[PDB]
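The chain below stands alone and is given as structure tokens, in the form deposited in one PDB entry.
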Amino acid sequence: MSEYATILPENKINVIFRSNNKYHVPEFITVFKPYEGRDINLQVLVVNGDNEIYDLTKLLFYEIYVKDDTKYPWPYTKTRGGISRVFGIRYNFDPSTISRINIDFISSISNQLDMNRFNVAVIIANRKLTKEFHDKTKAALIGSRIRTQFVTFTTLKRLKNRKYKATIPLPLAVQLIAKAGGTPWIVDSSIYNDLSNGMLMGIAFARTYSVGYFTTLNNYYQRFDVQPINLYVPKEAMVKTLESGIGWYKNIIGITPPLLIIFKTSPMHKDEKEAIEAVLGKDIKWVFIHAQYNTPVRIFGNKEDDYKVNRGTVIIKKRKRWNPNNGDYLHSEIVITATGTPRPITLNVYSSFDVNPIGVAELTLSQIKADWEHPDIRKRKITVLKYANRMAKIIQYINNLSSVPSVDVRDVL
């Protein structure tokens, strides 16, 4: 049918953990442990806090994350104690080493960072500081061993509220794992075969430059390409970024990608179409997805209930006026209704082939779960767009953009 509905359960998409442990729930990093973990050497730097804040800091990063006597229960497949046990990684933190800084914020933090001893440097401060100096800090420490992890006073205070104490610890240990050089999980690459190897470049705009966050189909390898623009990517900029991404893909893999998937928040432009077909010619298939986190659609249920529709419902409408042999490429439109993913998504697909719409729906869901910040329901988004935008935000502060290709996803995440 040209306009119908379906259900795409999360169980068809997955994330991978140690020894090819597969489950659709990212929060099960606690069960199967991080896919490819490292050792965390933590450095907590509390900034302008009262006593209670320091007791909360010790509670969180020492008793919950280290002390086994403090038998903290973890979300799923819990035993007790802290990071070193459930995650099977070397977590090292000395509560006596917590640095007290009376804040110029960036300089004060930097003088207190010891890259030779620590891999991670958590920075604790109120919301105003964690907002003004988050991206600036992330950019100012590009290439250094230490990766910073901001935590607000409010989140520490929520450790006293019981229910919040049982949900905040995991979406900070997972980020500590990521920022230590570890991989919480990689995407189940098998999902990209219902759509019909490749790239998933996300396009963002540093407000100006265009940011292409290129990544493999399992998100294992990532790379940012930044091209000045003299919203859409001009033909020359898109050609340059595509050539660079294909070079990187062939360098890491050994071949050119047989399928390029692209994400934008705007509809495909004519220049983008010409550039795509110029670099990729006709041999490499391309899918392009204009994604919006809102939809005027409002689907209702039957009267036997209060007009409630089961979550996972997806509305497909395949544009019949599609012909890729004459410059017509808008293939279909997918509306992923959702309550997990907090926002509904609408996807305008452009395609040079008969791209399966439920295929791109699965792409978008597996890219939702691919995000290592998948815990913290609020922040659930498409991975490539999300970190393309993170890189766009922090590029305003990076001075030598020649380091952009070397930047890691963990320096923005």
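In case it trips you up, residue 1 is the first one in the sequence shown, and so on. For clarity, a rigid core is taken as the largest C-alpha set superposing within 1.5 Å between two forms.
The same protein also exists as the form deposited in another entry; that form is not shown, yet it is the one meant from here on.
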query	finding
Sole member of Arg311, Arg80, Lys285, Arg90 with a C-alpha shift of at least 2 Å between the shown form and the other one (core-superposed)	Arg311
Large Cα shift (2 Å or above) at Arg380 between the shown form and the other one, core-fitted	yes
Core superposition between the shown form and the other one, C-alpha change of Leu217 at least 2 Å	yes
Did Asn161 shift 2 Å or more between the shown form and the other one, C-alpha, core superposed	no
Note on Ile377-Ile7 C-alpha separation in that other deposited form, which departs from the shown form by 3 angstroms or more	closer
Cα-Cα shift for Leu59 and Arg380, closer or farther in that other deposited form, minimum 3 Å	farther
